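Colleague: sequence plus experimental coordinates follow:
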Amino acid sequence: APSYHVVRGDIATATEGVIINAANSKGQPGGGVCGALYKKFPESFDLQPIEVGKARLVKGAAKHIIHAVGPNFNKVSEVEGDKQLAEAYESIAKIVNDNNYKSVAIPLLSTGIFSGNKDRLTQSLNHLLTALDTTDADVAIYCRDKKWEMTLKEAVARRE
Ligand SMILES: Nc1ncnc2c1ncn2[C@@H]1O[C@H](COP(=O)(O)OP(=O)(O)OC[C@H]2O[C@@H](O)[C@H](O)[C@@H]2O)[C@@H](O)[C@H]1O
């Protein structure tokens, strides 16, 4: 194991430049993080349809970016959506192992508006961590606000 750590900043400025997007399974995009990555990595996206909880690793004019399906959690069951939120991180962890991504800038998956329209940060960190229990990659885990920042440590402080 390396380390895993909460970082208050922007993922669309991360040095690793391996980043995740909240794609939907249609490939059709839109978002905060997603529209910040467009201001870093336009010549870097292939926008395909993707399977639910799966990914597409894209190669571009400076870095490689991973599109992944964050399902809208108001459409799925909680125990089922929780199974898909493990799978979405596990199916990413496979790719972070295979393509040898020894450090990565990783966001939250579909935990905000794309949840049940409400914040599930700590449950999404448990699933980020539960996919990473079978990995040896170092983890820049981003946030914007100091309550959300404190929530990502609070989620690690349920597994310390
Ligand atoms: N640039 C950023 N870098 C890292 N983390 C960020 C960033 N901007 C926002 N976040 C964090 O992610 C959460 C917000 O996610 P989005 O930015 O909205 O993620 P995105 O992939 O773009 O989701 C798109 C969905 O949300 C809305 O932006 C939009 O309506 C769309 O339905 C917050 O908890 C915040 O801490």
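Modeller: Now that the structure is in, tell me what you want to look at. Residues are numbered from 1 along each chain as shown.

Colleague: pull the contacting residues for the residue nearest to residue 104 when sequence neighbours are not counted.
Modeller: Counting by CB to CB, 6 or more residues apart in numbering, residue 104 lies nearest to residue 18, which is 4.8 Å off, once chain neighbours are set aside. Using the backbone N, CA and C atoms, a C-beta is placed for each residue, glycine as well. By CB atoms under 8 Å, 6 or more residues apart in numbering, the contact list for residue 18 reads 63, 64, 65, 66, 96, 101, 103, 104, 105.

Colleague: one more pass at 7 Å, please.
Modeller: Counting by CB atoms under 7 Å, 6 or more residues apart in numbering, residue 18 makes contact with 63, 64, 66, 101, 104, 105.

Colleague: got the buried residues for the strand or helix carrying residue 79?
Modeller: Residue 79 belongs to helix 78-98 when elements are defined using DSSP states H and E. Within helix 78-98, the residues scored as buried using 16 or more other CB atoms under 10 Å are 81-82, 84-93, 95-96.

Colleague: ok, of those residues, which one's closest to the ligand?
Modeller: residue 88 (12.5 Å; CB to the nearest ligand atom).
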